[PDB]
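Asks: below is the sequence, then the experimental coordinates.
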Amino acid sequence: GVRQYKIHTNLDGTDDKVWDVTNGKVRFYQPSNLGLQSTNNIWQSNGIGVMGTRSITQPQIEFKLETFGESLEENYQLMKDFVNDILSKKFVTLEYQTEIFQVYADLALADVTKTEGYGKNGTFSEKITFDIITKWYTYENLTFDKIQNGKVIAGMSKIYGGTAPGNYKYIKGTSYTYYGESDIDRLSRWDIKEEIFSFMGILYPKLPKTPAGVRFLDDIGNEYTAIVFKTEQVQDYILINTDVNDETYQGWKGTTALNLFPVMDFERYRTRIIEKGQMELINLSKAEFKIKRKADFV
Amino acid sequence: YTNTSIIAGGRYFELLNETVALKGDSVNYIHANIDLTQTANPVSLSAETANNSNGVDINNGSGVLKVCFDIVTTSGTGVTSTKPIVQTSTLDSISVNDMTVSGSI
Amino acid sequence: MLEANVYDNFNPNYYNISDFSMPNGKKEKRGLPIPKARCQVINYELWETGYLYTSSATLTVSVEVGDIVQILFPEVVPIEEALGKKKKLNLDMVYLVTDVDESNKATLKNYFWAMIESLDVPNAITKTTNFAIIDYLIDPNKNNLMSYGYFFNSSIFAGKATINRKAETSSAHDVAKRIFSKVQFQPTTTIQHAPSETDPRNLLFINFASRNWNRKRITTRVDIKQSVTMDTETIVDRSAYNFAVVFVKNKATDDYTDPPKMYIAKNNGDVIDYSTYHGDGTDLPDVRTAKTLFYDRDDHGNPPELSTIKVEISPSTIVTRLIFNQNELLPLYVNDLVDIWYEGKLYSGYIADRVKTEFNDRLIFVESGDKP
Ligand SMILES: [Sr+2]
């Protein structure tokens, strides 16, 4: 029904800590602006209007930080905790949730205020300003699609049936349609329908010393970028994060974490921006993907 | 180090699948660091720029003992060559029957 | 902040004298003094070699023009001075104060380039190996600033010295730049106490050594996120008007009465007469840069050689420079041979400079060229 705001220390990560700024002890109220400012570069010559390129500018969100605590000790402990937790990580992801959507914004602490105007049992009523890194993006699960063989029908499918030594008839419209393909289980498509900007993939390699990773193809079947690694031993999994702010390319074997950046193929990795098409798995047995895609206004 | 046993300053310890990070296109000097004050974990490993062996008497006095055991030469991608540190056997008098030398006396 | 040691000018008119009595009894050169004031370098842009820009930093103590500033870092750099011999050297950034403003912001010039100042070198010295030029340039008997020793990697400066244009007298700055471009190396000045424990002197040395005696080539990628600055440099000086309207003076008239002969340079590198061309334009340049040349007939009377015209219309070394943030996933230090991938294109060269600022850590990449 009502909206939900949730501050995350590290989303997409094991060391995550979530603060409910809607229901918890420390709450965010009356956001300054959730919209957007656009600058279209319009120049008018003799009454006729010419439009350039629109630079969608995102403005600082200023909240109304309010703590609810049983004692003065409790609210001072809340301010020291919530702020340090935002300061501890270089950037904090604010989740925007409503009946219809679940968007996210990457924020950086711009300004926080601490004053001595306490209410009852020493309760804070302050202004918390944030700088916009990326405004509104959808964090969703990306999975491959499987292809299944069509059913075999007498007269419709290509088979030599009925009276010996078989018969298939050329009709008009119904004629002969191939049932499927021998070993249809080989075909798998990791479909990309809209342009994505960053992702958190968990890749499980097959063979050691053979380049292992992912490659991306466009609408015409041409490779534009590829994250691939040539390791000496089989890693249990290669944890990759394409996020610009905290780029991670690490391999895991047992309880040991290895940085795989120098072993990576630098020539194939041309871009981070993934375009409309499909994704292929190079020397991978299994893969788990989480795709984050931007939305200007939500 | 899958399974490597080391006796540094007369102190025995085993390295069981202990991985140590290296510097790209550099000659890494792997050291065995012993700090007796760190009662929970006295032995720690470190890949360094140069052979920073101190020779601190940890058994009689205080301090942190540093001693190089392996020299790992690396490239931009991985490891090129590995040369281990010599094991010095300081003795007073030898009463031996036979000997085979691979280098020089 | 960083720690800074401020000393008065290392005057070679004072420090070059070998009157200091060593503990054994021997008479050696005067050692460097103690800092007149220990301060802290703040609001800084500090380069490692000073390849392109001059350093600038505000200092707590009121330093004056001439003073030497030694910026300290709690880390160590291992230089390979001999095939197997590697020495423990402390990280230092040594500069000369060139000018201080009202707000005490000092303009710092890297010690080496401030040492080889106003020094001129004739073609005669440049005829030998690169070692002979380095041994000439680094001398406390000649230089404006005091020098004690030089560390140099024999393999990198082993090659024959680059050929000088017109065989003229060049400045120590121009020759060093020409040499450092071909050898793909940059110098670093370092203050460190004498190697022998008996010698108690603090000394200043110039570094031409690397972490690897036999330097290896690295392969890396530079992403657009690292605030990359692309600009084109020129290593070798060659002329810019690819087309030449060449005039030859008539012997009988002692005038330029005869019509001109036009010469065009092909994409391959060869120079042909424009009239002789029979192609489709694919082998010719995309833009025609032209100049009018006047030549005087030789004593023999023959027209000037095609090859002599060719040198004047020949192309210059178009080189790409990349300035970007330090990647902690694959760190790139000064004096390292690298192969950088940027926006789908491969650029090959070395890391010339490094800026140590309050906000970022950046590198200057110089594409050495010599691609085909
Ligand atoms: Sr993260």
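Replies: Perfect, I can see it now. Residues are numbered from 1 along each chain as shown, chains lettered A, B, ... in the order given.

Asks: ranges for the strands of the stretch 251-372 of chain C?
Replies: For the stretch 251-372 of chain C, applying DSSP state E, counting those that start in this stretch gives strands covering C:261-265, C:271-273, C:290-295, C:318-325, C:337-342, C:345-357, C:361-367.

Asks: comparing the ones you listed, which comes out most buried?
Replies: Mean neighbour count (mean count of other C-beta atoms under 10 Å in any protein chain shown) peaks for strand C:361-367 among the strands of the stretch 251-372 of chain C, with a mean of 22. In this view, the C-beta of every residue, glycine as well, is placed from N, C-alpha and C.

Asks: one step back: so can I have TSV of the strands of the stretch 251-372 of chain C showing distance to residue A:249?
Replies: Formatted as TSV, the strands of the stretch 251-372 of chain C follow (distance: least, C-beta to C-beta, whole Å):
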stretch	distance to residue A:249
strand C:261-265	46
strand C:271-273	50
strand C:290-295	51
strand C:318-325	17
strand C:337-342	15
strand C:345-357	20
strand C:361-367	20
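
Asks: show me the chain divided up by domain.
Replies: Unless you meant another one, I'm taking chain A. Segmentation of chain A into domains, based on curated CATH domains, reads A:1-135, A:136-298.

Asks: oops, chain C please
Replies: If you go by curated CATH domains, chain C breaks into C:1-110+C:210-234+C:318-372, C:111-209, C:235-317.

Asks: what is the longest strand of the chain by residue count?
Replies: Here I'm looking at chain A. Criterion DSSP state E: the longest strand present in chain A is strand A:125-142.

Asks: actually, chain C is the one I wanted.
Replies: Counting residues, the longest strand in chain C under DSSP E turns out to be strand C:86-100.

Asks: hmm, back to that, can I get the domains of chain C in TSV with distance to chain B?
Replies: Below are those laid out as TSV (distance: least, C-beta to the nearest C-beta, whole Å):
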stretch	distance to chain B
domain C:1-110+C:210-234+C:318-372	4
domain C:111-209	13
domain C:235-317	24
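
Asks: need those in a markdown table with distance to residue A:53, can you?
Replies: Listed next are the domains of chain C as a markdown table, based on distance: least, C-beta to C-beta, whole Å:
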| stretch | distance to residue A:53 |
| --- | --- |
| domain C:1-110+C:210-234+C:318-372 | 19 |
| domain C:111-209 | 40 |
| domain C:235-317 | 29 |
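
Asks: name the element residue B:73 belongs to?
Replies: Element membership for residue B:73, per DSSP states H and E: strand B:65-74.

Asks: what's that strand packed up against?
Replies: Counting contacts by 3 or more C-beta pairs under 8 Å, 6 or more residues apart in numbering or on different chains; DSSP states H and E, strand B:65-74 is packed against strand B:3-8, strand B:27-34, strand B:79-84.

Asks: list the residues that contact the residue nearest to residue A:23 when sequence neighbours are not counted.
Replies: Nearest residue to residue A:23, sequence neighbours excluded (C-beta to C-beta, 6 or more residues apart in numbering or on different chains): residue A:4, at 7.8 Å. Residues in contact with residue A:4 (C-beta atoms under 8 Å, 6 or more residues apart in numbering or on different chains) are A:20, A:22, A:23, A:95, A:96, A:97, A:98.

Asks: ok, now which ones touch residue A:189?
Replies: So residue A:189 contacts A:144, A:145, A:147, A:278 (C-beta under 8 Å, 6+ apart).

Asks: quick one: the second one from residue C:295, how far?
Replies: Spatial separation of residue A:145 from residue C:295 under the definition C-beta to C-beta, to the nearest Å is 74 Å.

Asks: just the helices in the chain please.
Replies: Let's take chain A. For chain A, applying DSSP state H gives helices covering A:72-88.

Asks: let's do chain C instead
Replies: C:12-15, C:123-126, C:130-137, C:172-182, C:306-313.

Asks: quick one: which of these is nearest residue B:72?
Replies: Closest of the helices of chain C to residue B:72 is helix C:172-182, at 31.0 Å (criterion: C-beta to C-beta).

Asks: on that earlier part again, looking at the helices and strands packed on strand B:65-74, which is buried most?
Replies: strand B:27-34 (a mean of 21).

Asks: as JSON lines, the helices and strands packed on strand B:65-74 with distance to residue B:52 would be great.
Replies: Shown next, in JSON lines, are those (distance: least, C-beta to C-beta, whole Å):
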{"stretch": "strand B:3-8", "distance to residue B:52": "14"}
{"stretch": "strand B:27-34", "distance to residue B:52": "6"}
{"stretch": "strand B:79-84", "distance to residue B:52": "17"}
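
Asks: which stretch among the helices of chain C comes nearest residue A:85?
Replies: When the helices of chain C are compared by C-beta to C-beta, helix C:172-182 sits nearest residue A:85, at 49.7 Å.
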